[PDB]
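As a starting point, one isolated chain is supplied in structure tokens, in the form deposited in one PDB entry.
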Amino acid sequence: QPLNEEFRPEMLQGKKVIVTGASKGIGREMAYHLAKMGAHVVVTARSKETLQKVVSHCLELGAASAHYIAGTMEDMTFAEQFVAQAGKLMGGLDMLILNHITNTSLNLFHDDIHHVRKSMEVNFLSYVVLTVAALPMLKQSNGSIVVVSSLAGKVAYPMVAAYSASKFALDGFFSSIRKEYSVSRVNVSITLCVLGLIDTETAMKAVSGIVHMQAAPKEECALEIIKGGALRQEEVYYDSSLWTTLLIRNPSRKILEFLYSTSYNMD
């Protein structure tokens, strides 16, 4: 149910935002941009050193407030406790950016069922848990979920099966939740971010002698995600290219869903 305005940094001033996987990469960048914009901000990841740093820049950059809570999203207790603790810290919640992911490498699949389950737990199941926990507050602010996904979450890829599965799962889970929200008269927006290669310490570390693509700036990536969510869009596409950024849209799907939109009109 996209917005009908144009983005302005002020849409975020005074907004209370959680960003996860917020200690390096895109997550960091989002915190900073929300900082420049004068938002309350709660950030998270496992290492508390690195998080402190981020919290510093954020306060220097302009945040109405800025905290951090360290912990693994491997553990679901923390996930549901983090949310309750963070909505306390800022006194309520406007947007929830689900961004974190478990350490992955590019490698062929030969029997790593530990990695597959782990991907599923951290990259997918935690999202749902956090969303469950944030939903009450989100309702009462008419906030917004943002979810960060990938090419590999829309099309297949050899080096990253466990990761793809997890990303694909988000699409299916949240898109199918997005429907429920419409009919539910639930006024919380769900934005899915599909990204091509992005220049992160980590991404490069894992691709820099295998993949040939040009990667996009982490800084701009982050802003497009904040905006997409601010403008309550359904998908955000971002890739150095524009060939790609136009293909991942799948209108067959737009249709079929529109069609099957009226195979039922019952509660």
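Numbering starts at 1 and follows the sequence shown. Superpose the two forms; the largest set of C-alphas matching within 1.5 Å is the rigid core.
Beyond the structure shown, there is the form deposited in another entry, which is absent from this document and is the topic of what follows.
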After a rigid core superposition between the shown form and the other one, the exception among 233, 200, 240, 50, its Cα shifting by 2 Å or more, is 240
Since the Cα-Cα distance for residue 243 and residue 147 shifts by 3 angstroms or more in that other deposited form, is it a contraction (closer) or an expansion (farther)? closer
So the C-alpha spacing of residue 240 and residue 193 changes by 3 Å or more in that other deposited form; is that change toward closer or farther than shown? closer
